[PDB]
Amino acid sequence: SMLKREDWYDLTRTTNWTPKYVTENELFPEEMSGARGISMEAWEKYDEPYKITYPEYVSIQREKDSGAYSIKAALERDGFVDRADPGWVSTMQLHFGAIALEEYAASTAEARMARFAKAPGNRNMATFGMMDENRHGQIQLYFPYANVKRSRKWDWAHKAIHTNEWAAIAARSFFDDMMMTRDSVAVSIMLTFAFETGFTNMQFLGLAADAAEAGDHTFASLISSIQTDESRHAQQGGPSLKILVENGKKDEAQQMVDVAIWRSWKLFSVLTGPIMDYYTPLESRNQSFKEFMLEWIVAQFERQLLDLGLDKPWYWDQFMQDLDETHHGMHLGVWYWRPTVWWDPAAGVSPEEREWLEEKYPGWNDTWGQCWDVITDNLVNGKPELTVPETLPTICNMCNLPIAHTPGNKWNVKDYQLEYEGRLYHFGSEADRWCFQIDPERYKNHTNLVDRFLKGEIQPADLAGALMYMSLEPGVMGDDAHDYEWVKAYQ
């Protein structure tokens, strides 16, 4: 007979001991552990709600991969990717380039907690997390690899995070700050609670639904499989936050959650927002990005924070407002600067789409629609050259994204500048500037793509030189997803 898990589970996390031959501070260096003066004894109160043991892990995860790899092999010769909507193809190319190597780097962020957390339940759950992100980084390479012969853009599943392309820099900026350069306890909070529990758990459910709706059962099966792994490790920050709050550290905990949720939001506004509102074909749009955010993200955050004894971040109301705006700017920026990305952005501004946008966002046509009006006229009137740029946008020094906001009849674009030790910094929002000011030594001497351009680091110092610096050449440089097919509706 076998024991019941509950009868022996605790012995798997009865693993703390009092060091003698080295000191506790030596064994758990504060810059790595982040124990914050809270004793080993008080960290041992850490109790993860979802429990799993090694034998269960290997058995369940063996079946997951049997399934997902089976689906892939069955559907491979069907060549769906060749007849998929090109906004769908672009959604996948963006997904893989932005995420595959950051999934893999997340296994290091899990390894940080596995070695350095004082809570023994955290160290074991992080060992399972480290395994999970290993899976994710690998399967999100194996899957796009199938397509390398279709387009060099699929090479960017591996290449992207090795480049200075601006979206890559913006992705490393986010991940390196949230998960790679923080102590174990901060990683548990910023990565697993704010980003994974807070955003990607529901994002992936949505994305698998969109994939299935697009007719892409390989990618739907991939994403849905990865998603089932998330909560096993995303659970780790909730317990850490409880211990910080119960001990003397609620403000420290509040501040980490505030920073992490804002930075996550900014990444989401460029990587997810445009996809939902513009790349997904109109007849497949279940709800708007704003609607998705309110139903599946924002409410859940308030619930989590309440239950933990924390407050809504100071910027919450502003954040709610920005659901009407920010991603429309990130979309227009990415489409306008399309040769600077490795996928083809879908303009998404046909008459039919524009009336959808107007319902989902009253005011769209007379703000966003204004810029799109001009763009559309130029394409109708044979001046495509005025639909691509001849300069760089201003980049935020926190999130490494263009500073953009409401245009047209309610113009409201602002720069939250800051002069600090003789340098002038630019910020796309009040929250972005604040993330800098609460910890300036963490960001001070970083330079964004614009900073580098202005400093002489991009040579030839012209647009062509900037493209080469970003590793982009014809064949991967983006262009309109539907090859301007939507222009025919306007003549």
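Residues carry their position along the shown sequence, with the first being 1.
S.K.: When the C-alpha temperature factors are averaged for each of 124-132 and 412-420, which stretch ends up with the higher value in the entry?
M.R.: Comparing averages over the C-alpha atoms only gives 412-420.
S.K.: Mean CA B-factor: is it higher for 358-366 or for 108-116?
M.R.: According to the PDB entry, the answer is 358-366.
S.K.: Among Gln138, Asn247, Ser264, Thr181, which residue carries the highest C-alpha B-factor recorded in the PDB entry?
M.R.: Within the set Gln138, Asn247, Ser264, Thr181, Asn247 shows the top C-alpha B-factor.
S.K.: Would you mind checking which of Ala299, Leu191, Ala220, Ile161 has the top Cα temperature factor in the PDB entry?
M.R.: By C-alpha B-factor in the record, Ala299 ranks first.
S.K.: With respect to C-alpha B-factor, does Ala186 fall in the lowest, middle or highest third of the chain as deposited?
M.R.: Lowest third of the chain for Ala186's C-alpha B-factor.
S.K.: Would you mind checking where the Cα B-factor of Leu11 ranks among the modelled residues of its chain, as the lowest, middle or highest third?
M.R.: According to the entry, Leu11 has a C-alpha B-factor in the chain's lowest third.
S.K.: Considering only modelled residues of the same chain, in which third does the CA B-factor of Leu467 rank: lowest, middle or highest?
M.R.: Middle third.
S.K.: Thinking about Cα B factors across the chain, which third does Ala214 belong to?
M.R.: For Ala214, the deposited C-alpha B-factor lands in the highest third.
S.K.: Quick one: classify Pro281 as lowest, middle or highest third of the chain based on its Cα B-factor.
M.R.: According to the entry, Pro281 has a C-alpha B-factor in the chain's highest third.
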